[PDB]
Number of protein chains: 12
Amino acid sequence: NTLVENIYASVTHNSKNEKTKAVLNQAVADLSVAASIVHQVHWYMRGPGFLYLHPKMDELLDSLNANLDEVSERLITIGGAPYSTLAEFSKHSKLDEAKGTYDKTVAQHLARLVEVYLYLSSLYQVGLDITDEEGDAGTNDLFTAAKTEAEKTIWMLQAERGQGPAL
Amino acid sequence: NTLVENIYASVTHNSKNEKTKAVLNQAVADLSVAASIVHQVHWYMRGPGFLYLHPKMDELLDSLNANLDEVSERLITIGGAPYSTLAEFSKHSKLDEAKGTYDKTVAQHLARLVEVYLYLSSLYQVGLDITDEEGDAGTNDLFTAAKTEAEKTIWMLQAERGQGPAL
Amino acid sequence: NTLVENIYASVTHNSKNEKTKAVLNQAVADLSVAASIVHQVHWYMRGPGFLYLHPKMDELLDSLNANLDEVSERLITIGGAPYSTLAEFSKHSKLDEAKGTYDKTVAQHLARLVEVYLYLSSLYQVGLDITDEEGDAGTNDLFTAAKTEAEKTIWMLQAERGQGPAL
Amino acid sequence: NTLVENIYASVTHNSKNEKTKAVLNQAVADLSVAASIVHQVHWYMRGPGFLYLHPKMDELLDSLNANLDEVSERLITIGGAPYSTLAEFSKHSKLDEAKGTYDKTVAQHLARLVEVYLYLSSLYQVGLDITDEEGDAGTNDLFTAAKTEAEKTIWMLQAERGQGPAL
Amino acid sequence: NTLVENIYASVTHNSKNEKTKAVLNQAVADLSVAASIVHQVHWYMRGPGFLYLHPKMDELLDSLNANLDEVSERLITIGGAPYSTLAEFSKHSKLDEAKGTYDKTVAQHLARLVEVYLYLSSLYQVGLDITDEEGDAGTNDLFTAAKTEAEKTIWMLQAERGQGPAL
Amino acid sequence: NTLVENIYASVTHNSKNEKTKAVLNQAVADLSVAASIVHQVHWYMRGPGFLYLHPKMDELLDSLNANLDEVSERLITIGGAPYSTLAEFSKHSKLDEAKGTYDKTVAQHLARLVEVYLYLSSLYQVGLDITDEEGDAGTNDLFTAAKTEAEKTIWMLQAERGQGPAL
Amino acid sequence: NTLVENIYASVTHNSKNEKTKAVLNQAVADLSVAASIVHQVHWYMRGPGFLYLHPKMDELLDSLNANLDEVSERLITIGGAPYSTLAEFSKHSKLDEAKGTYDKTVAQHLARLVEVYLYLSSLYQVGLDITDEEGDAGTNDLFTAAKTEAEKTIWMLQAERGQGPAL
Amino acid sequence: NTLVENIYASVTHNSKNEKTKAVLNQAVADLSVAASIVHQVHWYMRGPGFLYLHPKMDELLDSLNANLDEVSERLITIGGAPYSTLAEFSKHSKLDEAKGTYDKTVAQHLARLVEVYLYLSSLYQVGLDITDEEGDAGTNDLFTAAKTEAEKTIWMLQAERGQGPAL
Amino acid sequence: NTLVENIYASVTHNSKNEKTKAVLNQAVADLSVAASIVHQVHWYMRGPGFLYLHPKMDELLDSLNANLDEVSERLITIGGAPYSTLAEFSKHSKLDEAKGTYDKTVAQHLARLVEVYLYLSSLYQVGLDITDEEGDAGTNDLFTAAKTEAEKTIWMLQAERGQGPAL
Amino acid sequence: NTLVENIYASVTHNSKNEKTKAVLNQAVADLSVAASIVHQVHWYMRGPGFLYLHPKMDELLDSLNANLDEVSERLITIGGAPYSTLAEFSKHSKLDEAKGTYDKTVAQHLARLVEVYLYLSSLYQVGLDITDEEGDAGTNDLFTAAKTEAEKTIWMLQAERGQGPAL
Amino acid sequence: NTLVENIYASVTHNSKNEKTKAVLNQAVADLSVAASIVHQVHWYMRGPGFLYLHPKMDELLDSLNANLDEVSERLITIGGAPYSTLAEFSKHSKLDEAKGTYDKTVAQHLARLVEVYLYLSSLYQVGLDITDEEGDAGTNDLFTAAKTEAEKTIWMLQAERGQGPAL
Amino acid sequence: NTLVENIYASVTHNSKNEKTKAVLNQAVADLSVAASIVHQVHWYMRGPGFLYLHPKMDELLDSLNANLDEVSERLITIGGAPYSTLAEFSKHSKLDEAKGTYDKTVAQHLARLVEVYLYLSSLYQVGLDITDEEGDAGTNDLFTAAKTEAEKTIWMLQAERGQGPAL
């Protein structure tokens with residue numbers, strides 16, 4: 001059972017666009033948690049490379065927040081109701097957070113970031129599958145661009161770790 | 001017992017700058033919750049004036065996130081450890097959130113925003129008191145600018161409601 | 001019989017891309033009329049909110065004219081011939097115009113704008129159906145972005161009226 | 001009987017500023033038709049020089065639309081009611097349109113453009129005469145700048161045709 | 001006896017360009033008072049719409065101060081001596097000021113602004129009459145642009161009040 | 001009896017922040033008069049150096065008007081009511097104005113400017129004393145920046161006169 | 001046997017995304033050759049129109065190099081290995097090059113450019129077919145935008161030659 | 001016999017717009033000579049104030065060259081033929097030039113500049129008279145703006161000399 | 001006897017840097033005449049291509065005027081005295097001017113421009129020879145950049161004529 | 001005996017603001033030496049990370065030079081006389097310099113930078129103490145911002161070294 | 001036999017500027033290959049530092065392509081014919097390429113880049129020698145700037161490797 | 001014995017580019033001292049003209065610091081080791097500094113600045129001689145541009161003093 005299959009089953013468990021609204025709302029929660037995690041790296045990182053990795057985190061954060069704006073506004077537009085409290089984000093996100101600590105290595109931060117973007121790219125694939133199923137071309141394009149951007153991020157972060165993208 | 005006295009007692013309940021670190025960390029949690037609340041207004045608002053109030057929320061959000069950056073980075077700099085998970089923000093913030101609903105009136109959203117900024121200005125006053133007490137001039141200036149900005153926001157939001165600032 | 005079905009039947013009534021050229025040309029006529037209608041609101045509106053709604057009309061107008069440029073140029077590119085006289089626009093558009101009057105209320109102008117964008121989003125859906133049918137991926141993307149943009153406009157205009165998007 | 005005399009008689013045929021309002025409204029209709037004609041050249045032109053003449057048409061179009069904004073807004077301001085439907089523009093304009101065809105030569109397009117600007121400069125002269133007559137200095141300045149700009153356009157378009165301005 | 005006739009008689013009551021210098025100097029005083037009045041609206045306004053009307057006042061203020069610069073510098077240039085103390089502005093202006101109060105309604109502020117611009121447009125008409133009389137083409141153009149701008153402001157402010165321009 | 005002592009006694013002669021509101025309001029009046037005086041130099045100056053001193057006056061004017069905005073808005077925010085008529089500014093300001101004359105020397109204009117900024121720096125010192133007394137940290141910072149800026153201006157204007165700052 | 005069928009057979013002749021990687025790599029080689037060909041026109045062209053066609057070549061070159069960046073980076077991201085030597089580009093490209101000569105006419109250069117973009121649009125169609133087949137939505141969007149852009153270029157270059165797009 | 005009367009007689013000495021074309025052509029010659037004279041000041045000046053007067057000359061030069069562009073292009077547009085050789089400029093200009101010398105004082109350069117702008121303002125007045133006479137509103141506006149600009153320059157240059165404008 | 005030899009003999013015919021000052025001064029005169037000639041093309045040109053060649057002339061003019069600034073200022077700097085009257089430019093320039101006429105063909109204008117730049121490049125070569133001879137490295141670099149720029153202009157203008165550079 | 005106590009004793013060893021002037025002058029000398037030291041790192045560094053650390057040094061240098069400008073100008077303004085020769089900077093600075101060598105490691109350069117900023121932050125604390133003592137609010141704010149900025153720099157440089165700020 | 005001597009012998013092996021044209025053409029081929037090699041590093045690099053070295057490659061690439069433009073255009077201008085096919089670049093370049101592989105270390109990529117720039121700086125020295133020999137000052141300046149830029153690149157890349165420039 | 005001969009003898013007193021490295025290093029020391037001297041003028045100047053001469057000093061300072069960057073980086077690049085401590089600059093510079101005093105006249109400051117730039121231009125001439133001798137074309141160009149810039153500065157500063165350049 002792949003991650004994509006697990007996400008799909010979970011999103012669609014509980015109108016003609018109910019699954020699309022559900023996957024968008026899952027993305028509201030996951031993007032909010034992902035942003036928090038990236039912010040934690042920005043704050044807690046120590047080690048050689050800090051001076052270029054620290055501002056890189058701010059760029060990733062801005063990009064995640066732009067995804068959140070587009071996802072939430074698309075959800076409102078198609079007749080849904082986005083999660084909009086920190087407790088909802090935390091409860092419904094499939095991403096876990098841990099207490100910040102300065103003793104995490106640069107390598108650990110980079111590994112966690114890759115796990116986050118791998119998760120997001122899988123969520124977006126489920127988004128693609130659902131929007132094709134329900135015939136929402138606009139939301140399909142949103143998930144396409146978000147997946148493409150995530151995959152590029154994985155390539156570059158993996159390269160910094162000395163690895164290939166391994167999608 | 002004033003709000004300022006209540007915040008002070010709560011912040012200092014549990015080095016030479018322990019109270020300053022605690023009030024900065026309280027601000028990390030409160031700013032993160034305040035941003036979430038403002039975002040909720042941006043998404044859920046309906047009614048005449050939406051077309052200027054909606055982008056106003058994005059400006060307030062950007063300003064709150066800039067406060068968060070400065071507060072968290074100041075806390076790291078003076079030897080502290082900022083809250084950095086959504087669960088920590090939600091648990092330690094003194095601001096409550098409610099589930100988003102489209103049936104809240106414009107007037108209700110404006111009233112909630114004023115309550116949020118009144119709370120923040122009081123927190124910043126406690127920040128002023130603590131930093132004077134512990135002799136942290138840099139952090140005192142941070143809380144001064146944040147309080148001044150909050151008070152200006154209260155004046156303008158109150159004026160939109162047809163009221164005076166009533167600090 | 002839905003609006004989408006009615007538009008489709010009308011567009012395809014009278015090469016391998018004849019239906020795509022026809023729906024693009026329908027959009028040339030409808031966008032030209034829509035721009036005229038928006039301009040009428042810009043000129044004739046009176047009432048509280050004028051000072052933000054008036055420039056909003058100029059933004060909508062610019063956006064409609066940008067759609068017209070892209071639609072007409074795509075039509076030329078794929079071997080068609082765009083309508084290019086005011087009489088052709090008026091005759092072939094499915095949007096009606098009325099003589100300007102200063103006695104229309106702000107609420108009436110907002111209602112008319114929503115009707116216009118609802119119509120356009122339906123036309124774009126027909127555009128999606130036709131381009132999928134004829135295998136024109138480039139023109140399909142054009143109609144996707146135009147529909148997404150129209151749906152966002154409907155959400156925001158509806159919110160100003162105190163309503164949900166009701167797509 | 002000159003073109004200027006013919007335009008004057010026609011404009012004034014059917015308050016202290018009735019003739020000024022009529023000539024401004026004639027300009028609303030003529031500018032809307034002129035813009036349509038210029039757009040037709042932008043779309044249908046084929047032949048050597050396309051790559052600089054095509055963007056030139058977009059510049060002329062922007063300039064005509066700016067004239068329309070200023071004329072319509074001046075008309076509203078002085079107590080009039082601008083034409084605001086495509087049928088009104090087409091019916092009241094003294095400029096004729098023809099169905100677009102790709103078989104028109106570059107030379108034919110340039111000749112038509114010169115005829116359009118010659119017509120507009122004559123309309124503006126009537127505008128000058130009427131506003132002097134009725135003592136509207138503000139509207140007189142508007143027609144002065146519009147005539148000056150039209151005359152410059154005629155010089156440059158004529159030069160491209162190998163001719164003098166021949167005003 | 002019209003407002004224009006009253007202003008003319010008053011301006012010319014007490015070289016070849018004495019009347020032109022007098023009307024320019026009247027404008028120095030009136031623009032300085034008008035700016036003060038607009039600033040009062042910026043500060044004292046309360047009520048729905050504040051968030052767009054408040055910055056609108058800053059735009060009007062900047063525009064009035066730009067008129068003042070051009071009028072005063074033109075007066076110096078043609079051999080005059082502009083009023084240059086607050087007491088002179090207050091004494092010679094035909095605009096009255098009242099003590100600021102927060103209890104004025106938005107509608108009252110908009111009504112006062114329209115009265116101010118109506119007065120200014122009449123002053124500028126007298127400026128036109130005087131400069132035509134004395135053959136000062138440069139100063140005539142200054143008053144023409146100022147009148148045109150004032151008339152546009154009246155249209156837009158009147159529209160916000162739900163009214164026509166009623167020049 | 002120093003100028004600072006005289007200003008303090010006068011400001012506080014006639015809630016927990018009454019003295020702060022009074023000194024801010026004194027600054028509203030003085031800044032409005034100072035701006036008028038600077039404008040007079042801009043207009044009436046003749047002599048070598050005009051071509052750099054004339055635009056310098058516009059820079060000083062812009063800076064004084066920015067102080068006025070910040071002072072007036074701070075006063076509104078903390079629950080006060082700023083002077084907002086030319087008669088109030090003139091009556092309550094401690095700065096005197098004189099009728100403009102072209103026969104004042106460059107040296108006289110520079111001397112007057114230095115007197116104005118010396119006065120303002122003393123007013124700001126009283127502002128510092130009062131805000132420390134009443135515990136208004138935000139308003140204290142406003143007066144600090146204004147005093148610092150005034151003192152810099154005095155240094156530079158004094159240097160142009162061939163003198164030291166002599167604060 | 002169409003050009004599209006020939007390209008497909010050739011690309012797929014020698015994981016779940018092998019055909020997508022192959023068509024992207026074909027595009028690496030073809031874009032590198034296309035850029036070289038365009039550069040040759042920039043350098044060797046002589047004749048009337050040079051002064052606008054010469055900079056047009058630099059715009060086309062920049063656009064081709066931007067396609068190359070996006071194609072190569074997408075190929076790396078999805079687990080491939082882009083051609084990255086001039087010998088590989090030359091060997092695997094289906095575009096032929098000829099030695100530069102100043103004796104080629106403007107018309108010959110324009111004809112060659114159209115052949116190049118026709119070839120590229122066909123390659124992109126194969127890219128569309130392959131990515132639909134293998135379910136790569138991100139790469140499908142890349143080929144869609146590239147095809148749309150190529151088709152627009154063909155329209156404009158054809159128009160300069162006095163011809164229709166003839167896709 | 002005033003300078004204006006002398007210029008008029010000279011310009012009109014040797015169609016319905018012959019006098020307008022003649023005065024525009026006189027301005028071509030005079031502006032070309034004026035620019036040369038200003039350039040001479042830029043190069044040859046020595047003395048205190050050089051560091052601000054030297055760049056001032058470049059600003060005046062740019063402004064004179066912009067007048068030349070507008071005058072020459074207006075002349076072409078209305079059916080004339082501008083002087084276009086240095087010998088024609090020198091022969092027909094009413095401004096004399098002298099060999100450059102470093103021994104001219106700053107005061108001498110400023111005096112010469114004022115004479116040049118006084119001459120130009122008189123030429124522009126003749127331009128006003130002629131264009132009113134021949135009914136060329138567009139060219140009348142050109143001369144109005146040029147005269148206004150010249151008069152402002154005279155005020156500022158005179159002020160630098162310690163004098164009033166003395167138009 | 002080459003053009004370079006003829007220019008050298010003429011420049012040096014009538015301190016340690018006398019020849020350098022003479023060749024710079026020759027360039028003052030020639031650049032002033034060249035600018036006049038280019039301006040004549042800008043004004044008098046008629047024929048296909050006008051719309052791109054006309055603004056090209058303004059670019060060439062700006063570039064020639066920038067050369068003039070650098071040459072004249074270098075001449076002043078090294079102890080010389082630049083020509084600074086139109087009569088001096090005309091008398092000492094080796095470039096001839098002819099009365100403007102609208103009947104010159106585009107081809108004739110392009111041929112004349114090439115002759116002008118060929119002349120200038122030869123003058124600059126003499127400048128190179130003289131500055132090498134007299135050991136002025138700074139002035140040598142000035143002539144190097146000017147020659148390089150002239151040679152580029154010749155290539156591009158020649159290409160527009162359908163020719164090679166033929167330096 | 002802390003570093004702060006040692007700096008204070010040394011600064012105050014040899015009017016009402018003598019200690020403030022002395023500590024500002026100490027900062028003139030120390031900032032000039034600090035800038036020199038940072039420049040040495042910019043030039044002499046070798047090792048992995050050079051390509052981001054090298055430009056980082058230019059940013060630090062610009063920031064130090066901006067501190068120097070503000071400190072020196074504040075000192076002049078309050079009646080002092082800044083050190084203004086390299087010998088004075090070197091003699092009075094408490095920072096030592098060493099001859100540049102390419103054999104210093106990246107880690108050594110980072111350690112030295114941290115020592116420099118630690119020293120500066122202590123100097124600024126003494127500046128805070130002295131300005132509080134002498135009642136100079138303006139200079140106190142200058143030292144506050146400088147200390148805050150230094151402390152931020154220490155956090156970031158320490159993080160690059162893999163360490164906490166350890167203020 | 002030095003690299004410079006070997007390049008010279010090879011370039012000049014097979015008019016008055018034949019050697020200059022040959023060395024420029026050698027540079028066309030070498031710059032095209034160098035750009036390809038740099039692009040390969042951009043694509044294939046993996047390892048710590050990727051996130052700053054990857055964009056560094058794009059900067060180097062842009063700079064190499066700017067050299068190519070200037071070299072090729074200079075060659076055309078002086079009467080030559082630049083290589084303009086990928087096969088010509090590959091055949092005539094003295095730089096070898098290897099198939100891209102992800103297994104090359106960061107250190108290997110940096111070493112290869114240094115070899116490339118060392119080669120280019122030697123080629124440019126030959127360019128200097130040849131242009132001095134043939135008296136082409138313009139082309140000599142081109143090679144001077146290119147060599148200087150290459151030498152700077154070698155210093156910075158060497159520093160990243162922990163080495164001195166070792167030219 | 002000229003200044004140039006004295007500088008040469010001194011620089012070369014104590015590889016194939018030893019003299020070039022020595023003269024560059026002399027320039028490191030002299031530019032650092034020159035910047036200090038210019039900064040002293042910026043701070044200590046009093047007298048008429050301060051308001052334009054003070055910012056002029058900041059422009060000169062920026063330009064000197066840009067020379068220092070280019071000289072030091074060139075020295076590193078060609079295998080040298082730049083002076084990098086204030087004591088080295090002071091010891092090896094041939095420019096003397098004096099204690100700052102407010103009693104120096106504007107004329108004295110201008111005279112000192114001219115002496116500094118005269119010295120620098122002579123140093124640069126020695127730089128030219130040495131780099132020609134050792135065959136360093138890149139460093140020769142650096143000294144050429146620096147000398148040219150210095151000579152321009154001398155012309156302009158001398159003109160402000162009422163003098164010719166007297167190089």
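Throughout, protein chains are lettered first and strands after them, A, B, ... in sequence-line order, and every chain is numbered starting at 1. In what follows, every heavy atom counts, from backbone to side chain, and hydrogens, waters and symmetry copies are set aside.
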Taking non-hydrogen atoms and a cut-off under 4.5 angstrom, which of residues 92-100 of chain I neighbour chain H? I/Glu97, I/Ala98, I/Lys99, I/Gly100
For I/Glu88, is it the side chain, the backbone, both, or neither that has a heavy atom closer than 4.5 Å to a heavy atom of chain H? side chain
Of the listed residues (H/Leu68, H/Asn65, H/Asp58, H/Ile37), which shares the most heavy-atom pairs with chain I below a 4.5 Å separation? H/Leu68
Taking only residues two or more places apart in sequence, or in another chain, which ones meet H/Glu151 in a salt bridge (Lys or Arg N to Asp or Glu O under 4.0 Å)? E/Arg74, H/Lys147
Evaluate the criterion side chain to side chain donor-acceptor pair (under 3.5 Å) for residue pair H/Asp69 and I/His39; output intermediate values, then yes/no. CA-CA 9 Å; H/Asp69 290 336; I/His39 225 183; 3.3 Å; yes
Heavy-atom cut-off 4.5 Å, strictly under: side chain, backbone, both or neither for H/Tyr102 against chain I? side chain
Could you work out, with salt bridge (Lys or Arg N to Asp or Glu O under 4.0 Å) as the rule, every residue matching H/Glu5, not counting sequence neighbours? none
Per-residue contacts, residues 42-56 of chain I versus chain H, heavy atoms under 4.5 Å: I/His42, I/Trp43, I/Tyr44, I/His54
Can you see which heavy atom on H/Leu86 is nearest to which on I/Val33, and at what distance? CD1-CG2, 3.9 Å
Highest number of heavy-atom pairs under 4.5 Å with chain I among H/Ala87, H/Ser72, H/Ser32, H/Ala35 belongs to H/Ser72
Where H/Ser36 and I/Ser84 come nearest, the two heavy atoms and their spacing: OG-O, 3.6 Å
